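Below you'll find the structure, written out as structure tokens, and then a few comments.
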Amino acid sequence: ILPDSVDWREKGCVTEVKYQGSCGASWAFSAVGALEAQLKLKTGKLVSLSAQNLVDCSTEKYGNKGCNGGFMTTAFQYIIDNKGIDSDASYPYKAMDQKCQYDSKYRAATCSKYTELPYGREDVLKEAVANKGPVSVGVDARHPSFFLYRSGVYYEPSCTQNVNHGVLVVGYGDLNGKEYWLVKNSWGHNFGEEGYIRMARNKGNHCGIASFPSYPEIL
Ligand SMILES: Cn1c(=O)n(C2CCN(CCCn3cncc(-c4ccc(Cl)c(CNC(=O)c5ccc(F)cc5)c4)c3=O)CC2)c2cc(Cl)ccc21
């Protein structure tokens, strides 16, 4: 039996909203966000992890292009292969492509594995969000209605299932019966509902929210 609503922010499992600025590193913020939650679950401590570490180091071998986009899955694989990721404090976000500056001295997390969820399965996503934690997802964000969103449950008829922007599902619920996914963005505190957007849930994989979900785990 799954809870009707979840909000991982209420459990201390979500860090402050970040601002990617003019560097297309949403994939990096989505990956660290998911891992931050697992680190909290495991160690009891909440610390922002370095999105910049991913931008600079999870590069061509991982199919990523830093400020020109990437995948959360291969970000996790990088952390796995690298045997860690630095704290955001030690390796702060500069919103540009840099030389890899990873230093094991300032490692704040590791990752053992990651799991991908099946395409379009909102039922499976719900279950992972309830039972595992926040889940990294892609959405189709190429719609003025998306970046102009201020409040409520976002539904956009022109939205497609083909994803182009990485975000973090940190919960789910309903607003007077309109089901939603509670989504953490990386466009700062001024986007939407204090950095968050509530996006239509159980409406046919709206904006591809459930197209390519993944989440990491720490042994
Ligand atoms: C080592 N290695 C990989 O292992 N991959 C893939 C192989 C498996 N895919 C499938 C994962 C499922 N999936 C399939 N389609 C789209 C997204 C997806 C998810 C989230 C987001 Cl945010 C985006 C958007 N990303 C981009 O558009 C993008 C832009 C520039 C890039 F360089 C990379 C991605 C796509 C997604 O996860 C991901 C890594 C690789 C791909 C390349 Cl060209 C080179 C090396 C790779």
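Following the order of the structure tokens, first chain is A, next is B, and so on, with residues numbered from 1 inside each chain and ligands from 1 in the order they appear.
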**OP:** For residue 120 in chain A, list every protein, DNA or RNA residue within 6 Å, evaluated using only C-alpha atoms, and leave out those in the same chain fewer than 6 positions away; present the list as a list in words.
**Re:**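 With the cut-off at 6 Å, the set is residues 205, 210 and 211 of chain A.
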For N, CA and C atoms, I'd like the residues from the last selection saved as a compact mmCIF listing (two decimals), in the first residue's frame.
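Wrote part.txt, looks like this:
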# COMPACT_ATOMS: atom_id res chain seq x y z
N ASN A 205 2.07 10.03 -19.37
CA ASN A 205 3.50 10.35 -19.38
C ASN A 205 3.72 11.79 -19.84
N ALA A 210 8.07 10.26 -16.92
CA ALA A 210 8.41 8.85 -16.67
C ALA A 210 9.13 8.15 -17.85
N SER A 211 9.64 8.91 -18.83
CA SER A 211 10.30 8.32 -19.99
C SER A 211 11.60 7.64 -19.59
**OP:** List all protein, DNA and RNA residues that have any atom at most 9 Å from ligand 1, counting only C-alpha atoms and all ligand atoms, and write the list as a PyMOL selection string.
**Re:** chain A and resi 24-28+30+59-74+77+116+119+136-140+162-167+211-214
Okay, now the selection with N, CA, C and O atoms, as a short mmCIF file (atom, residue, chain, number, x, y, z; two decimals), in the first residue's frame?
data_model
loop_
_atom_site.label_atom_id
_atom_site.label_comp_id
_atom_site.auth_asym_id
_atom_site.auth_seq_id
_atom_site.Cartn_x
_atom_site.Cartn_y
_atom_site.Cartn_z
N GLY A 24 24.03 24.42 -19.46
CA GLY A 24 23.00 23.38 -19.56
C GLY A 24 23.40 22.13 -18.81
O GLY A 24 23.61 21.08 -19.41
N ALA A 25 23.47 22.24 -17.48
CA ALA A 25 23.92 21.16 -16.62
C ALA A 25 22.80 20.59 -15.76
O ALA A 25 23.07 20.04 -14.71
N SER A 26 21.55 20.69 -16.20
CA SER A 26 20.39 20.15 -15.47
C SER A 26 20.57 18.67 -15.11
O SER A 26 20.17 18.21 -14.05
N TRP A 27 21.18 17.94 -16.03
CA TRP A 27 21.51 16.52 -15.84
C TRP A 27 22.38 16.33 -14.61
O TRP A 27 22.14 15.41 -13.82
N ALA A 28 23.34 17.24 -14.42
CA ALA A 28 24.26 17.17 -13.28
C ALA A 28 23.56 17.46 -11.98
O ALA A 28 23.77 16.75 -10.98
N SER A 30 20.32 17.14 -11.40
CA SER A 30 19.37 16.04 -11.17
C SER A 30 20.06 14.83 -10.51
O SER A 30 19.54 14.26 -9.56
N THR A 59 32.56 13.26 -18.59
CA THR A 59 32.62 13.92 -19.90
C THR A 59 32.47 12.91 -21.06
O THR A 59 31.53 12.11 -21.01
N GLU A 60 33.36 12.90 -22.06
CA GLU A 60 33.16 12.15 -23.34
C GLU A 60 33.05 10.63 -23.21
O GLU A 60 32.31 10.01 -23.99
N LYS A 61 33.78 10.04 -22.27
CA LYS A 61 33.67 8.61 -21.97
C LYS A 61 32.25 8.26 -21.47
O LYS A 61 31.79 7.13 -21.64
N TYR A 62 31.57 9.23 -20.85
CA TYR A 62 30.23 9.06 -20.30
C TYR A 62 29.12 9.61 -21.20
O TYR A 62 27.95 9.62 -20.81
N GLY A 63 29.49 10.04 -22.40
CA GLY A 63 28.53 10.55 -23.39
C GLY A 63 27.95 11.90 -23.06
O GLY A 63 26.94 12.28 -23.64
N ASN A 64 28.60 12.65 -22.17
CA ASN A 64 28.12 13.95 -21.72
C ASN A 64 28.99 15.06 -22.29
O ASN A 64 30.15 14.83 -22.65
N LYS A 65 28.40 16.26 -22.35
CA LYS A 65 29.03 17.45 -22.94
C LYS A 65 28.94 18.67 -22.01
O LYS A 65 28.80 19.80 -22.49
N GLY A 66 29.02 18.42 -20.70
CA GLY A 66 29.05 19.45 -19.70
C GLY A 66 27.90 20.43 -19.77
O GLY A 66 26.76 20.04 -19.60
N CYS A 67 28.21 21.71 -20.04
CA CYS A 67 27.22 22.77 -20.22
C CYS A 67 26.34 22.61 -21.46
O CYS A 67 25.38 23.35 -21.63
N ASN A 68 26.65 21.64 -22.33
CA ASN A 68 25.82 21.33 -23.48
C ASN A 68 25.06 20.03 -23.35
O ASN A 68 24.58 19.50 -24.35
N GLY A 69 24.92 19.52 -22.13
CA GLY A 69 23.97 18.47 -21.84
C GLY A 69 24.64 17.16 -21.49
O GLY A 69 25.85 16.99 -21.70
N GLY A 70 23.83 16.25 -20.97
CA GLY A 70 24.30 14.96 -20.49
C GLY A 70 23.17 14.07 -20.01
O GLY A 70 22.00 14.40 -20.18
N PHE A 71 23.54 12.94 -19.41
CA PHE A 71 22.60 11.96 -18.89
C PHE A 71 22.87 11.77 -17.41
O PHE A 71 24.04 11.69 -16.99
N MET A 72 21.81 11.66 -16.62
CA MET A 72 21.94 11.32 -15.22
C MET A 72 22.53 9.91 -15.01
O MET A 72 23.34 9.70 -14.07
N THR A 73 22.13 8.95 -15.87
CA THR A 73 22.62 7.56 -15.76
C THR A 73 24.14 7.50 -15.83
O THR A 73 24.78 6.87 -14.98
N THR A 74 24.73 8.19 -16.81
CA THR A 74 26.18 8.15 -16.96
C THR A 74 26.90 9.03 -15.96
O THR A 74 28.09 8.79 -15.70
N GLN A 77 27.19 6.48 -13.26
CA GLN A 77 28.28 5.56 -13.66
C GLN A 77 29.63 6.20 -13.40
O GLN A 77 30.53 5.52 -12.92
N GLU A 116 17.47 2.00 -13.59
CA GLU A 116 16.58 2.68 -14.53
C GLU A 116 15.19 2.08 -14.43
O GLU A 116 15.05 0.86 -14.26
N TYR A 119 10.14 2.70 -19.37
CA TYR A 119 9.62 3.86 -20.09
C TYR A 119 8.14 4.05 -19.87
O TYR A 119 7.37 3.13 -20.07
N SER A 136 15.67 10.76 -10.33
CA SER A 136 16.11 11.66 -11.41
C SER A 136 15.28 11.37 -12.63
O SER A 136 15.10 10.19 -12.97
N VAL A 137 14.73 12.41 -13.26
CA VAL A 137 13.94 12.24 -14.48
C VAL A 137 14.27 13.31 -15.50
O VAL A 137 14.71 14.40 -15.14
N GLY A 138 14.03 12.98 -16.76
CA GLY A 138 14.00 13.94 -17.85
C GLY A 138 12.59 14.45 -18.07
O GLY A 138 11.63 13.72 -17.85
N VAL A 139 12.46 15.72 -18.47
CA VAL A 139 11.19 16.27 -18.94
C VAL A 139 11.44 17.03 -20.24
O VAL A 139 12.57 17.42 -20.51
N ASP A 140 10.37 17.20 -21.02
CA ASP A 140 10.33 18.12 -22.16
C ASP A 140 10.01 19.50 -21.61
O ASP A 140 8.87 19.81 -21.26
N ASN A 162 9.47 13.31 -25.25
CA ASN A 162 10.90 13.35 -25.55
C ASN A 162 11.58 14.40 -24.68
O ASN A 162 11.32 15.61 -24.81
N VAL A 163 12.47 13.91 -23.82
CA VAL A 163 13.00 14.70 -22.73
C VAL A 163 14.22 15.51 -23.16
O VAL A 163 14.98 15.08 -24.01
N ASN A 164 14.38 16.69 -22.58
CA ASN A 164 15.54 17.52 -22.90
C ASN A 164 16.11 18.29 -21.69
O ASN A 164 17.05 19.07 -21.85
N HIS A 165 15.60 18.04 -20.49
CA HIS A 165 15.98 18.78 -19.31
C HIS A 165 15.88 17.83 -18.13
O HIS A 165 14.86 17.21 -17.94
N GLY A 166 16.94 17.74 -17.34
CA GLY A 166 16.98 16.86 -16.17
C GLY A 166 16.47 17.58 -14.92
O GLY A 166 16.85 18.73 -14.67
N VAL A 167 15.59 16.92 -14.18
CA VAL A 167 15.05 17.41 -12.90
C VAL A 167 14.93 16.25 -11.90
O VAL A 167 15.33 15.13 -12.22
N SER A 211 9.64 8.91 -18.83
CA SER A 211 10.30 8.32 -19.99
C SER A 211 11.60 7.64 -19.59
O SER A 211 11.80 6.45 -19.91
N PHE A 212 12.47 8.39 -18.89
CA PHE A 212 13.76 7.86 -18.42
C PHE A 212 14.09 8.21 -16.97
O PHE A 212 15.00 8.99 -16.71
N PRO A 213 13.36 7.61 -16.01
CA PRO A 213 13.72 7.73 -14.61
C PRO A 213 14.90 6.85 -14.20
O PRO A 213 15.06 5.74 -14.72
N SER A 214 15.71 7.36 -13.29
CA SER A 214 16.74 6.58 -12.64
C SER A 214 17.03 7.09 -11.23
O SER A 214 16.74 8.24 -10.89
#
**OP:** Extract the full set of strand (DSSP E or B) residues from chain A according to DSSP on the backbone, and format it as a PyMOL selection string.
**Re:** chain A and resi 6-7+19+24+49+68+85-87+107-109+113-116+135-139+153-154+165-175+178-184+187+193+196-200+214-217
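Closest to residue 189 in chain A among A:6, A:17, A:175, A:159 is A:17, based on only C-alpha atoms.
You will find CA of residue 216 in chain A at 18.3 Å from CA of residue 121 in chain A.
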**OP:** Name all residues at most 9 Å from residue 133 in chain A (count only C-alpha atoms; drop same-chain ones fewer than 3 positions away) and give them as an MDAnalysis selection string.
**Re:** chainID A and resid 8 13 34 37:38 41 128:130 169:171 215
Residue selection dump (C-alpha atoms) as a PDB file, in the first residue's frame:
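See part_19.pdb below for the written result:
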ATOM      1  CA  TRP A   8      10.912  14.072   0.665  1.00  0.00           C
ATOM      2  CA  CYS A  13      16.342  14.516   2.177  1.00  0.00           C
ATOM      3  CA  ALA A  34      19.062  12.080  -6.227  1.00  0.00           C
ATOM      4  CA  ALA A  37      18.865  11.984  -0.702  1.00  0.00           C
ATOM      5  CA  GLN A  38      20.502   8.530  -0.568  1.00  0.00           C
ATOM      6  CA  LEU A  41      19.142   8.121   4.181  1.00  0.00           C
ATOM      7  CA  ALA A 128      10.178   4.103  -6.531  1.00  0.00           C
ATOM      8  CA  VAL A 129       9.513   7.637  -5.223  1.00  0.00           C
ATOM      9  CA  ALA A 130       7.668   6.203  -2.183  1.00  0.00           C
ATOM     10  CA  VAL A 169      11.060  14.048  -8.542  1.00  0.00           C
ATOM     11  CA  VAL A 170      11.037  14.632  -4.786  1.00  0.00           C
ATOM     12  CA  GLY A 171       7.458  13.609  -4.218  1.00  0.00           C
ATOM     13  CA  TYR A 215      18.041   6.586  -9.090  1.00  0.00           C
TER      14      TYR A 215
END
Original post:
Nearest to residue 144 in chain A: which of A:81, A:36, A:7, A:156 is it, counting only C-alpha atoms?
Top reply: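 So, comparing all the options, the nearest one is A:156.
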Original post:
CA of residue 87 in chain A and CA of residue 193 in chain A are how many Å apart?
Top reply: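 Straight-line distance from CA of residue 87 in chain A to CA of residue 193 in chain A works out to 26.3 Å.
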**OP:** Find the residue from A:79, A:110, A:105, A:187 that sits nearest to residue 218 in chain A; use only C-alpha atoms when measuring.
**Re:**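 Among A:79, A:110, A:105, A:187, it is A:110 that comes nearest to residue 218 in chain A.
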Original post:
So which residues of range 11-216 of chain A fall under alpha helix (DSSP H) by DSSP, listed as JSON, numbers by chain?
Top reply: {"A": [26, 27, 28, 29, 30, 31, 32, 33, 34, 35, 36, 37, 38, 39, 40, 41, 42, 43, 51, 52, 53, 54, 55, 56, 57, 72, 73, 74, 75, 76, 77, 78, 79, 80, 81, 82, 122, 123, 124, 125, 126, 127, 128, 129, 130, 131, 144, 145, 146, 147, 148]}
Subject >> Point-to-point distance in Å for CA of residue 180 in chain A and CA of residue 168 in chain A >> reply: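 Interatomic distance, CA of residue 168 in chain A to CA of residue 180 in chain A: 13.4 Å.
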Original post:
Which residue gives the smallest distance to residue 21 in chain A among A:181, A:155, A:93, A:114, with only C-alpha atoms counted?
Top reply: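 Using only C-alpha atoms, the shortest distance to residue 21 in chain A belongs to A:93.
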**OP:** Identify, on the basis of only C-alpha atoms, every residue whose closest approach to residue 186 in chain A does not exceed 6 Å; exclude the query and any residue fewer than 6 positions from it along the same chain; express the result as a VMD selection string.
**Re:** chain A and resid 18 to 20
**OP:** Identify which of the residues A:80, A:88, A:46, A:57 lies closest to residue 9 in chain A, counting only C-alpha atoms when measuring atom-to-atom distances.
**Re:**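 Answer, going by the shortest atom-to-atom distance: A:46.
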